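Novice: Pasting an experimental structure with its sequence.
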Amino acid sequence: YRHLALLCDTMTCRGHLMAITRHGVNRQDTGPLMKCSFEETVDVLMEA
DNA sequence: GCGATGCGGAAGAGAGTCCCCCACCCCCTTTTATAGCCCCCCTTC
């Protein structure tokens, strides 16, 4: 359960349903370098 | 009467898995020697 509970917590820790796509994982306030390694490498870095 | 605006729906992006003018050079022409090559007309039968 702890593995399942951890995934659900990360998807709801910010008070809204956060998808595990780029639209939810890159929107969270992480560093641009982490975001660029996931998806949208240049668009993420251009915005930063 | 006289304007002014937010939301749903549709659309659309965006990401993942040629013709002319201006130098410069060559050939036009003439002379001559050389000789193989080849076109053209003539001649043969």
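Specialist: Looks like it arrived, so ask away. Numbers count the residues shown, from 1 in each chain, chains lettered A, B, ... in the order given.
Novice: near DNA strand B, which residues of chain A?
Specialist: A:22, A:39-41, A:43 (C-beta under 7 Å from any atom of the strand). C-beta: built from backbone N, CA, C; applies to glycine.
Novice: Return the distance of the residue in chain A positioned nearest to DNA strand B relative to residue A:46.
Specialist: Distance from DNA strand B to each residue of chain A (C-beta to the nearest atom of the strand) is smallest for residue A:39, at 3.9 Å. Residue A:39 is 14 Å from residue A:46, where distance means C-beta to C-beta, to the nearest Å.
Novice: Hmm, the residue of chain A closest to DNA strand B is touching residue A:22, no?
Specialist: Yes - contact criterion C-beta atoms under 8 Å: residue A:39 and residue A:22 qualify, at 4.3 Å.
Novice: before we move on, back to that, okay, the residues of chain A next to DNA strand B in a markdown table with secondary structure and neighbour count next?
Specialist: Formatted as a markdown table, these follow (DSSP: H, G, I helix; E, B strand; the rest coil; neighbours: other C-beta atoms under 10 Å):
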| residue | secondary structure | neighbour count |
| --- | --- | --- |
| A:22 | helix | 14 |
| A:39 | coil | 13 |
| A:40 | coil | 14 |
| A:41 | helix | 12 |
| A:43 | helix | 13 |
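Novice: Which two among these are spaced furthest apart?
Specialist: The largest separation in these, counting by C-beta to C-beta, is between A:22 and A:41 at 10.7 Å.
Novice: now residue A:40, nearest residue through space, not along the chain?
Specialist: Excluding its sequence neighbours, the residue lying closest to residue A:40 (C-beta to C-beta, 6 or more residues apart in numbering) is residue A:22, at 5.8 Å.
Novice: which residues sit in contact with that neighbour?
Specialist: Shown in contact with residue A:22 (C-beta atoms under 8 Å, 6 or more residues apart in numbering): A:38-40.
Novice: List the buried residues of stretch A:21-36.
Specialist: Neighbour counts over stretch A:21-36 (16 or more other C-beta atoms under 10 Å) mark A:25-26, A:35-36 as buried.
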